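Notes for the one structure printed next.
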Amino acid sequence: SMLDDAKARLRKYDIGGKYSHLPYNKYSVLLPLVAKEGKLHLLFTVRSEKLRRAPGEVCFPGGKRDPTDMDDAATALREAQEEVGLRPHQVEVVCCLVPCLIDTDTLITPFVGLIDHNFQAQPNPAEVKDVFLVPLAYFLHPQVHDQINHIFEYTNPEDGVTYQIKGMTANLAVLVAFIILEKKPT
Ligand SMILES: O=C(Cc1ccc(F)cc1)Nc1cccc(Cl)c1
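Going by the authors' numbering, the letters in the sequence shown line up with residues 15 to 161, 172 to 210, in that order.
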């Protein structure tokens, strides 16, 4: 099946807890895969304009590890619940992808999660201005604009709204698309 095939692909790239004890400032993100209309999608947030770090940017759900978290995956799930109302029974964490090093002292660990079909986002407006889906296949043929660094523009056909996706978030989206969609019979 589509979902069993996606999980099987993802597991081959799982690094697990290999880098998880290193003494960094630690953040996790959840890359949430949603199946709709017979295709996989990624769920993104738009950060609230009131946040002082990166207001109005497109990001995956996530945030800083805290002492309650059993592990890095727990960080991702706790933050996703706070930001968009995703409950732990509504997500299956499939793997941990390559972590992202930033600012010399920070390590961001991305987890891919399969999201239940009955989940409906409840954006928390203190943190999230918007939540939206992008089909995973978009990231194989994105609409690129150069600002010099590459920016993806995705227009939602439901409503005509264009979102800019860039940086780590864009990079991770492409990675997941490659992992899941490469070398597939039609
Ligand atoms: O904060 C994140 C994930 C993230 C962590 C570290 C990082 F460097 C880059 C993204 N995500 C988020 C998305 C919406 C609202 C809020 Cl409050 C947080």
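All C-beta atoms, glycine included, are put in the ideal place defined by N, C-alpha and C.
For residue i, which residues of its own chain have a beta-carbon under 6 Å away from its beta-carbon, when the five flanking residues on both sides are left out?
{"i": "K190", "result": "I175"}
{"i": "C114", "result": "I122 and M192"}
{"i": "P81", "result": "none"}
Let's test the definition: count the other Cβ atoms within 10 Å of the Cβ of residue i and tell me whether it reaches 16, buried, or not, exposed.
{"i": "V158", "result": "exposed"}
{"i": "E63", "result": "exposed"}
{"i": "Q161", "result": "exposed"}
{"i": "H131", "result": "exposed"}
{"i": "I172", "result": "exposed"}
{"i": "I204", "result": "buried"}
{"i": "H55", "result": "buried"}
{"i": "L36", "result": "exposed"}
{"i": "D19", "result": "exposed"}
{"i": "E206", "result": "exposed"}
{"i": "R25", "result": "exposed"}
{"i": "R66", "result": "exposed"}
Residue i and residue j look like a contact to me (Cβ under 8 Å); what is the Cβ gap, rounded to whole Å?
{"i": "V105", "j": "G127", "result": "4 Å"}
{"i": "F125", "j": "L45", "result": "7 Å"}
{"i": "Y41", "j": "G70", "result": "19 Å between Cβ atoms; not a contact."}
{"i": "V142", "j": "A90", "result": "That belief does not hold up - the Cβ atoms of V142 and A90 are roughly 15 Å apart, past 8 Å."}
{"i": "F74", "j": "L196", "result": "7 Å"}
{"i": "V72", "j": "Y187", "result": "6 Å"}
{"i": "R92", "j": "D86", "result": "Actually they are not in contact, since the Cβ atoms of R92 and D86 sit about 11 Å apart, beyond 8 Å."}
What does a CB cutoff of less than 7 Å around residue i pick up in its chain, not counting 5 residues either side in sequence?
{"i": "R101", "result": "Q95"}
Suppose the cutoff is 8 Å on Cβ atoms and the five residues either side in sequence are ignored; what does the same chain contact list for residue i look like?
{"i": "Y33", "result": "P113, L121 and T123"}
*Identify every run of the beta strand (DSSP E) within the region 90-115, keeping only runs that are complete inside it and at least 3 residues long; order them along the chain.*
Those beta strand (DSSP E) runs which fall completely within the region 90-115 and span 3+ residues are 105-110.
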